[PDB]
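>
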Amino acid sequence: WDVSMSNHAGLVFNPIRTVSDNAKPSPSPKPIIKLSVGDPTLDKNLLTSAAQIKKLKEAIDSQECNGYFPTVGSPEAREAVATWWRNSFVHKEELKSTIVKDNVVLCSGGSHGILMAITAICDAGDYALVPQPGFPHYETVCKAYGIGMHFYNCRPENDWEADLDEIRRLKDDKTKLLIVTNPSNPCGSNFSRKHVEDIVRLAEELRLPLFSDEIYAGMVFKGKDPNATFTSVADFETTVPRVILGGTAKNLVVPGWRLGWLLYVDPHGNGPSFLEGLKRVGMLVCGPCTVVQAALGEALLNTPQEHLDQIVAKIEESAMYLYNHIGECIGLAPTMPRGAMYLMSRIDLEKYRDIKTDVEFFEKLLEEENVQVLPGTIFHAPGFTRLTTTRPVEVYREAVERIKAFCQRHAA
Amino acid sequence: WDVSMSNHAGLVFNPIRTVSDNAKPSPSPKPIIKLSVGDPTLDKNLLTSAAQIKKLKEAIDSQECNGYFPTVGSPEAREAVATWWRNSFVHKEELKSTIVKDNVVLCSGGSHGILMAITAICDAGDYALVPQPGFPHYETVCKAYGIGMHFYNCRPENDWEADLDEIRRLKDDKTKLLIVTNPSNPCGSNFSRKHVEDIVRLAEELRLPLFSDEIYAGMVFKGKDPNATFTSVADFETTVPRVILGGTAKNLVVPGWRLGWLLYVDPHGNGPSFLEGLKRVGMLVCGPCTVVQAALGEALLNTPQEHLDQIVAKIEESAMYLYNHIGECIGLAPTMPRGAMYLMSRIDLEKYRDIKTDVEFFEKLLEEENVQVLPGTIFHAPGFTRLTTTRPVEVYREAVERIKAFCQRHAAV
């Protein structure tokens, strides 16, 4: 008997889980404080809309939403996605007619959407432009499908904006896709209208289709500036074929319902094969849970904008509290979180005597204070650490007290 | 601007969708009758359990089931699958210990389960042994990943049993997997215990992990033979590492909920890479809907057997109506359905004057009587036609009448 795994399976790696699963249990007799899990439902402080809950129960009770829906998603669900994106993130009235239900492909959460978007257009040997720090799943898909990766930087000095010139010099004859993430995981950044327009213009110039992971669309803190807003790559006049990832996992706090979508925007028809590929690849898995698709119209169009706003407003409160108090710990210099559910902090390793790496920082902090953060190395950001900002303030107060004490202790 | 789809996306093909979408709208005024659609929820004659739906609503209201669950599935859901399979299809007492929750990997319906099984162990250039007539998704996944297929025959004359000597003659050095389906789509067959045991023996002789698609597990008619029973590949003492596909899509008639599972069985530990491959491949998509997973304990372990049996009993009544009347049409010689939701009928094309293939039969019957069946060539079985059997008896009474007219009209004297 000589049974081995495939090479395809052999190449599948999720850095976040590897570090998590391999974390040694802490000897410290202190109730663990996890700050590394990007799940917004952990404390029951952020709830999903009542409109969504109610419709989901009615679709189940009607017994007419249990059959097979088309693999791309039901017409009704696809129209709700088109309508919500149009109304919410498309401000120029002339571009509103470019967002249509027929260019919407449903998927089984964000990870499936990513898998579909990359493998619809890239073949083994082809290259994708991926951000760093960046959400680890782009690399997970590329590695397993033998797709090359060119990492372009997002610099903390410029509020995590992308190094447009680095993208420009890296592009080559094998590069078929440009991936951007905004708002960002793990940076917690929110691109300004100018920076998004420049990314779109660069794609145009470079002749690259654009995959924009906009799953945190609209989750922008408005407390420190009520004029702050989200800029979708959909709100621009351009000849660039764009594929936008959206979903309800983050803004409606139901990530386990595995509902997300791919929105293709290409009014001048420069990449119709992209959309065709998306439909082809979706036929391997066959779409998301139909009963959840039936509730989507209601969830997006019948949920008051205030419910969405209050979720973000609670995050902001915890994000701002965390940012203010983390700075106070020897060696930790936080970047300002503008939205999403994360806070990225710089670790000044020279201010410690035993700690030499961001990974080492993670390891010792967990071991001594039973506080779990993620090492920036996982996201291709040595020297930084990722913290979640979705837990109640009371959790961070306790956690920062512990991080402080540990920081003072390892100080040089 | 040169945006071209990848080769992977360009190799993805679904024969059922192609035929259905390219079907010409019929000129006949008679209301359309579709016997081609494999969805059991169409007429609302088959309903899912109250236990399942209730727990689903309770899980939603609780709001403790909306977060992330491990990608292999929640422990509770994995325990329910292990417990329900042990309790239903594993009869030898000593073998019950071999079915455990840690060897269960949840997935997003059957289609996803097949994708994970085939790509977890086969690379481009490797071959898999695939049945014919067979469920198209095996080929869909294989063609798309550049995995070669050795087709083995399931013979109509032997009750659609797998031709074991042809399997043995096709196995080669690149062959990494043996795929079996039972009960079958589209044959409607149910393997006797004896035939399943030789499938297991042959898998052992060729040293090939077995992937058994048992999504219709337990859906066997008990009206002709009351001693009839489903025999899962789990119920045998063997060295063969087995991956079994199971789900709620067919027995609990909720296919759209996208819930299925892979059950790895390998007590002598001859292929642990296979289970690991399953966990790996699943990290790309990240599991099924958590709210659906949270209702699975209740669905399998709290739905009375009477409900499951009653669904099969209604399918059986429609299946037996179809079988006893389809044979009255000139040229249609039906094989007998033992389970699942399908009926496979032979088409003796020599008995007609204008009809040469089964695709012609499909098109002309559609064009003239507005009755849509599936051409057997889709499943790699020319000269046959697949009919669904889950619709009410009234649909078959009118459909047979139109087909009998059609066949008499094109019959060669």
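So the sequences go chain by chain: A and B.
If you want the deposited numbering, it's the position in the first sequence, counting the first as 1, plus 3.
If you want the deposited numbering, it's the position in the second sequence, counting the first as 1, plus 3.
Ideal Cβ placement from N, Cα and C applies to all residues, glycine included.
Any heavy atom of the ligand COA inside 7 Å of the beta-carbon of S348/B?
The ligand COA is not part of this structure, which contains no ligands at all.
> Can you say whether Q308/B is buried or exposed, counting buried as having 16 or more other CB atoms within 10 angstroms of its CB?
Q308/B should be labelled exposed.
> Between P385/B, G334/B and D228/B, which lies nearest to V416/B when the distance is taken from Cα to Cα?
For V416/B, the nearest C-alpha among the options comes from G334/B.
> Is DSSP giving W260/A helix, strand or coil here?
Helix at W260/A.
> Would you decide whether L248/A is buried or exposed? Buried here means 16 or more other CB atoms lie within 10 Å of its CB.
Answer is buried; the Cβ neighbour count reaches 16.
> Check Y345/B in the structure and name its three-state DSSP category.
Strand.
> Give the range of the beta strand (DSSP E) segment to which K179/A is assigned.
Element bounds for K179/A: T178 to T184.
> Please classify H310/B: does DSSP put it in a helix, a strand, or coil?
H310/B falls in the helix class under three-state DSSP.
> Beta carbons nearer than 9 Å to chain B: which residues of the segment 64-86 of chain A have them?
Those residues of the segment 64-86 of chain A that come within reach of chain B (Cβ to Cβ, closer than 9 Å) are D64, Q66, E67, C68, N69, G70, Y71, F72 and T74.
> State the beta-bridge partners of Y130/B as determined by DSSP.
DSSP output for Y130/B lists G151/B and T178/B as bridge partner(s).
> What did DSSP end up calling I36/A once you bin it into helix, strand or coil?
DSSP places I36/A in strand when its eight states are reduced to three.
> Could you name the residues of chain B that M8/A contacts, counting a contact when the two beta carbons are closer than 8 Å?
Ordered by position in chain B, the residues that pass the 8 Å Cβ test against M8/A are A123, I124, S276, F277, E279, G280 and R283.
> Chain A partners of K60/B, CB-CB under 7 Å?
The contacting residues are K60 and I63.
> Is there a Cβ of chain A sitting closer than 8 Å to that of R394/B, yes or no?
It does not: the Cβ of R394/B has no partner Cβ on chain A nearer than 8 Å.
> Per DSSP, what kind of secondary structure is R389/A in: helix, strand or coil?
Looking at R389/A - three-state DSSP - the assignment turns out to be strand.
> When we look at the beta-carbon of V236/A and count the other beta-carbons within 10 Å, is it buried (16 or more) or exposed?
Classification for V236/A: buried.
> What runs of the alpha helix (DSSP H), each 4 residues or longer, lie entirely inside the segment 313-380 of chain A?
Counting whole runs of 4 or more residues, the segment 313-380 of chain A contains the alpha helix (DSSP H) stretches 361-372.
> Hey, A297/B and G112/B: beta-carbon distance below 8 Å or not?
No; because the gap between Cβ atoms is not below 8 Å, this pair is not in contact.
> So which residues on chain B does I19/A lean against when the C-beta distance must stay under 7 Å?
Per Cβ cutoff of 7 Å: no residues; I19/A is ~10 Å from chain B at best.
> Using 8 Å as the limit for Cβ to Cβ distance, is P270/B near chain A?
Chain A contact via Cβ: absent.
> Shorter than 8 Å from the beta carbon of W88/B to some beta carbon of chain A?
False, the Cβ-Cβ gap to chain A never drops below 8 Å.
> Spatial neighbours of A26/B within its chain, please: C-beta separation below 7 Å, excluding the five flanking residues on both sides.
Closer than 7 Å at the Cβ level, and outside the excluded window around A26/B, lie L369 and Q375.
> How about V284/A and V294/B: do their beta carbons lie closer than 8 Å?
Contact flag unset, no.
> With distance defined between alpha-carbon atoms, name the residue in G250/A, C292/A and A131/A nearest to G263/B.
With distances taken between Cα atoms, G263/B lies closest to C292/A.
> Relative to chain B, which residues along the segment 145-161 of chain A have a C-beta separation below 8 Å, given in chain order?
Answer set for the segment 145-161 of chain A: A147 and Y148.
> Would you kindly report the start and end of the unbroken alpha helix (DSSP H) that includes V107/B?
Taken as a continuous stretch (DSSP letters only), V107/B belongs to no alpha helix (DSSP H), being part of the beta strand (DSSP E) at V107 to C110.
> According to DSSP, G249/B sits in a beta bridge with which residue or residues?
BP columns for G249/B point to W264/B.
> Grouping DSSP H, G and I as helix and E and B as strand, with all else coil, what is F214/A?
Three-state DSSP puts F214/A in a strand.
> Assuming contact is defined by CB atoms lying nearer than 8 Å, are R81/B and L109/B in contact in what I supplied?
Result yes, Cβ atoms of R81/B and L109/B sit closer than 8 Å.
> Starting from the C-beta of residue 3/A, find all residues in its chain whose C-beta is less than 6 Å away, skip the five residues before and the five after it, and write them out in chain order.
This structure gives no information on residue 3/A, because the portion of chain A shown stretches from 4 to 415.
> Between the Cα of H140/A and the Cα atoms of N161/A, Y71/A and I19/A, which residue gives the shortest distance?
The option with the nearest alpha carbon to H140/A is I19/A.
> Check whether chain A comes within 8 Å of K47/B, counting only Cβ atoms and requiring the distance to be less than that.
Answer yes: the Cβ-Cβ gap between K47/B and chain A drops below 8 Å somewhere.
> Following the continuous alpha helix (DSSP H) through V403/B, name the residue where it begins and the one where it ends.
Its alpha helix (DSSP H) spans residues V396 to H413.
> Taking Cβ to Cβ, would you say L118/A is nearer than 8 Å to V288/B?
Yes, the pair counts as a contact, with Cβ atoms nearer than the cut-off.
> So, at 8 Å on beta carbons, what are the nonlocal neighbours of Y345/A in its own chain, with the 5 sequence-adjacent residues on each side left out?
So the list reads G41, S187, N188, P189, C190, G191, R389, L390, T391 and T392, once near-sequence residues are dropped.
> Along the segment 99-120 of chain B, where does the CB come closer than 7 Å to a CB of chain A? Name the residues.
Residues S111, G112, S114, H115 and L118.
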